Ligand code: HEM
């Protein structure tokens, strides 16, 4: 649960992402894969990537970063009223992709890391607080659907 002022911060931060969605999405995925190499094994289409240079050169990885962040941005713009948008993603990630909730924690922290890396000094303490709460709400509502499905 976020206040109006916290949502305002979230959507202000998101404007930074929307200026370069593919560059942000690429770096989020690279931070996830290099920091937590077990996550790469969930992607049949990226498991061939052995080095970060290959990851950086992959146009399909940048494409997938755009897909991921476009979906997250659509959820964030709902300011918590995201049941219809979140349900299909929870279902596909539990039943088809088999993504443990832990990996959603990993990517949440990676988003925070990339924002500081690309906007040093321009991602203030209030903005980090609000973004973190929004990603926690997203993860918690996914977790509720995972529990319904019995997925661990
Ligand atoms: C911010 C969190 C994330 C968002 C918004 C997101 C969004 C999406 C979307 C929109 C798709 C395509 C449609 C679908 O299959 O449902 C997708 C595919 C996928 N997601 Fe996620 N995702 C997230 C986190 C992750 C994480 C943490 C992993 C694994 C570590 C992951 C693994 C996958 C895989 C394996 C696919 C299928 C890729 C393919 O072969 O084309 N997702 N995701």
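So the check is Cβ under 8 Å with 6+ separation or different chains; which pairs have a first residue in the stretch 94-118 that's in contact (Cβ under 8 Å) with a residue 60 or more places away in the chain and under 22 Å from residue 22 (Cα atoms) and a second one that's more than 9 Å from the ligand (Cβ to nearest atom) and assigned to a loop (DSSP other than H, G, I, E, B)?
Every condition considered, the pairs that remain are 115/123.
Which condition does residue 66 not pass, out of (1) buried (at least 19 other Cβ atoms within 10 Å of the Cβ); (2) within 16 Å of residue 114 (Cβ to Cβ), if it passes all the others?
For residue 66, the exception is condition (1).
Anything in the stretch 107-133 that is under 26 Å from residue 43 (Cα atoms) and within 13 Å of the ligand (Cβ to nearest atom)? List them, or say none.
Of everything in the stretch 107-133, those that are under 26 Å from residue 43 (Cα atoms) and within 13 Å of the ligand (Cβ to nearest atom) turn out to be 107, 108, 109, 110, 111, 112, 114.
If only one of 89, 69, 104 is over 16 Å from residue 35 (Cβ atoms), near the ligand (Cβ under 9 Å from one of its atoms) and in contact with a helix residue (DSSP H, G or I) (Cβ under 6 Å, 6 or more places away or on another chain), which one is it?
On inspection, the qualifying residue turns out to be 69.
Identify all residues within the stretch 27-59 that are assigned to a helix (DSSP H, G or I) and near the ligand (Cβ under 10 Å from one of its atoms); write none if there are none.
Selection gives 28, 29, 32, 33, 38, 39, 40, 41, 42.
Would you pick out the residues in the stretch 121-152 that are part of a loop (DSSP other than H, G, I, E, B) and more than 20 Å from residue 8 (Cα to Cα)?
The answer is 150, 151, 152.
For the stretch 21-36, enumerate the residues that are farther than 23 Å from residue 92 by Cβ and more than 12 Å from the chain's Cα centre (by Cα). Please lay out each step first, then the result.
Pass one, the stretch 21-36, residues farther than 23 Å from residue 92 by Cβ: 23, 27, 34-35.
Within the stretch 21-36, 23, 34, 35 meet the criteria.
List, please: which pairs have Cβ atoms under 6 Å, are six or more places apart or on different chains, and start with a residue in the stretch 28-44 that is more than 20 Å from residue 17 (Cβ to Cβ) and end with one that is assigned to a helix (DSSP H, G or I) and near the ligand (Cβ under 8 Å from one of its atoms)?
36/106; 39/32; 39/103
Filter the stretch 92-101 for residues that are surrounded by 15 or more Cβ atoms within 10 Å (Cβ to Cβ) and either more than 8 Å from the ligand (Cβ to nearest atom) or not in a helix (DSSP H, G or I) (or both) and give the result.
94, 99, 100, 101
As a convention, Cβ positions derive from the backbone with ideal geometry for all residues, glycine included, and neighbour counts pool all protein chains shown. Bear in mind these aren't lab numbers, they're just calculated from the coordinates by the rules spelled out.
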